[PDB]
């Protein structure tokens, strides 16, 4: 059970950019492989990944530095430990780096080891990853937030919001929900190609048609739901990622809906906008509806909509338990988006999920634009009985691999598997 080898290597992510991969071997023969997704090389409160910056190689995006760190620094510091001591190992790697950003060794280097280790252990004990991470009572399959229509900067159309997602809350199981989202996804692709719109896909694997406004985004999605055979009421609901920081002007102090063409709006106006969109559409979740610094505005948004709408904070909290408690106290938002490579280790991730839960908040495990076949976040979702997950559209293996993995979990879980659907929003008092 004692780690006898920790070896990193450079590989590619779903976007053609190098990333790290770590393999841990125990003396018994147990193996574990951790693959890290594309994080950020810069952030004030965000853990930072380590890039080489060699303009001549991979456009400076190589991670030969992080690999070297793992193989020559982290490896010998970890070799000797018992693969099962997750907490102790992450604690060390964190102290070895010695910095909060994990800037010395690199968050990508630390995370790959953290994950490989955990997987190595699961393997050693011959148990599924989700049981090894969360215990015996790990059975609630996440209700997915599926990307379907893209806008803002992740598109070239008239839609200010970054992305529109569908949530199959009316399904009896994850498997059916998956089927539900897939049939809608296709019904829609049909509506677009027949409407003359582009059908190619982006990073999340969703559509980025050139719709005319924001309303034409939700509306077209409603069409697909109905064409697919499901009712927009109970079968499929709506979720969105506004990513308002994108169309927010620090200097002007207002939000500017360029793409939409609706001009500029005030935070009071934006909160009003969301109130209009929510009455006209079955929107259950709004992500980063106000700028990452509008701490005051989020509080108001939370007061008016928080009772019947999930307000998620992505750029707002940056998986930083620090900022999370700041929001919890002030009472801003009621759900946090968890990005593993953004925090750094598995134990820190779990700590965040627990702090969130204890606040009556929701923890939406998430993916990044540059993913890999690794589906560790799916086991995490089930190991913590999170209740939801946001891992992409129903295209591209970098996204499907996570859904296929949830199928297996639901499958090997048998008659004890659970799908809460709408009953997953324990954070929403009113319906």
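Positions refer to the first chain, counted from 1.
Enquirer: Look over 74 to 82 and 326 to 334 in the entry and identify the one with the greater average Cα temperature factor.
Expert: Between 74 to 82 and 326 to 334, it is 326 to 334.
Enquirer: When the C-alpha temperature factors are averaged for each of 98 to 106 and 130 to 138, which stretch ends up with the higher value in the entry?
Expert: Higher of the two, by average CA B-factor, is 98 to 106.
Enquirer: Taking the values straight from the PDB record, which of 253, 172, 344, 297 has the highest C-alpha temperature factor?
Expert: Result of the comparison over 253, 172, 344, 297: 297.
Enquirer: Identify, among 42, 69, 404, 366, the residue whose C-alpha carries the highest B-factor in the deposited PDB entry.
Expert: When the deposited C-alpha B-factors of 42, 69, 404, 366 are compared, 42 is largest.
Enquirer: So where's residue 373 on the chain's Cα temperature factor ranking, which third?
Expert: Residue 373: CA B-factor falls in the middle third of its chain.
Enquirer: What third of its chain, lowest, middle or highest, does the C-alpha temperature factor of residue 430 fall into?
Expert: As the PDB entry reports it, the C-alpha B-factor of residue 430 lands in the highest third of its chain.
Enquirer: Would the CA B-factor of residue 47 place it in the lowest, middle or highest third of its chain?
Expert: For residue 47, the deposited C-alpha B-factor lands in the highest third.
Enquirer: Ranking every modelled residue in this chain by its Cα temperature factor as given in the entry, which third contains residue 116?
Expert: Tercile = lowest for this residue's CA B-factor.
Enquirer: Going by the entry, which third of its chain does the Cα temperature factor of residue 33 land in?
Expert: Answer is lowest: the recorded C-alpha B-factor places it there.
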